[PDB]
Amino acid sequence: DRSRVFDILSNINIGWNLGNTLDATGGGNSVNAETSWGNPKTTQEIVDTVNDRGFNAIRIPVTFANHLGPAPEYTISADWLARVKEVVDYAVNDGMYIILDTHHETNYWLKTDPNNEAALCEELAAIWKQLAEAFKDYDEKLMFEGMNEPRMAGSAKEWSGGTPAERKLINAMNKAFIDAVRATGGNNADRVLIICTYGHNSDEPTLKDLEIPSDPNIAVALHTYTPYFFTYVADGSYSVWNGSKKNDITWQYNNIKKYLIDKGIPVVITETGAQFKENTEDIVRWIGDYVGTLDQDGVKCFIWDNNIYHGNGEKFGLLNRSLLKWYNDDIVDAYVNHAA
């Protein structure tokens, strides 16, 4: 019986990621990492604006690596932990559902070499023991997502679910994460914990190898920017959405159904979105097809928002954080009103 997790998630309309913020990796061991990729310092007002538009759930990606002390304690710098807590608390103040992750650890220590399992598990657990202790008294609306796209960057199968040995390592790491958090007790005894596949990949072989914990208070996170050629800019990419590629969404979702949803395992899409390609009407249609597909089984998603829209880079921006106005209200309306 995993129905507690389903009940919690059912309270979410749609979610929103505070992207390129606490996950940013500049600035070294400093709170200034937050602004190192060009975003303004997060404020209560920024978070309020997200909530008010209809995104009542927020994912707060955080990269800890450069804020950690030496092994084996990996102590999180006090100033950084305090800042992370301030940002989470903006959301708590507004009664929001929240996901706290670890993020670009994958640029640093989180490289999925199966021969390094012990060091990997131990580092993950050490960070999560500290996070869990810090957030022990926070209510069930705060959820933890152990890893983000864990993988071996630059490997042949980096973006296709890795190798079988890597997927075994992911299973061990998911367990380490759950164990570390549960061992801290308090509200962490039954907090929703959100594990993942290798790379947050949803291909059939990747899902077939995912071990499902016996802990009843878990969910499985995937990232599904599907189809890639619509949502990203690449050789072969396009900006038109007429429905003809809805099958890409359907086929992938039927695997998520086969291995997770139809087995009663909670699933959360912790990142998706489409880069802005002067194609508002197409993105609106894609959201209909994509979010509409998730809604069939009440699966929730969180939209990636990096505050990039007018300038160069990956144009996932939705909230103009400096102005507290939305870059594209038609796109935003399609997300927040998905269930009407």
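From 1 onward, residues are counted along the sequence shown.
Student: For the stretches 113 to 121 and 217 to 225, which has the higher mean C-alpha B-factor as given in the deposited record?
Tutor: Per the PDB record, 113 to 121.
Student: Mean C-alpha B factor from the entry: is it higher for 270 to 278 or for 304 to 312?
Tutor: It is 304 to 312.
Student: So if I compare the CA B-factors in the entry for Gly95, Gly146, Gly185, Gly162, which one is the largest?
Tutor: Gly162 has the highest C-alpha B-factor of those listed.
Student: Out of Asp179, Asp89, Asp190, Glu204, which one has a C-alpha B factor higher than all the others in the entry?
Tutor: Reading the PDB entry, the winner on C-alpha B-factor is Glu204.
Student: How does the C-alpha B factor of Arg285 compare with the rest of the chain: lowest, middle or highest third?
Tutor: Highest third.
Student: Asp48's Cα B-factor: lowest, middle or highest third of the chain?
Tutor: Ranked within chain, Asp48 CA B lands in the middle tercile.
Student: Can you tell me whether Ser77 has a C-alpha B-factor in the lowest, middle or highest third compared with the other modelled residues of the same chain?
Tutor: It belongs to the middle third of the chain when residues are ordered by C-alpha B-factor.
Student: How does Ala126 rank on Cα B-factor within its chain, lowest, middle or highest third?
Tutor: Within its chain, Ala126 is a lowest-third residue by C-alpha B-factor, going by the deposited values.
Student: With respect to C-alpha B-factor, does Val332 fall in the lowest, middle or highest third of the chain as deposited?
Tutor: It falls in the middle third of the chain.
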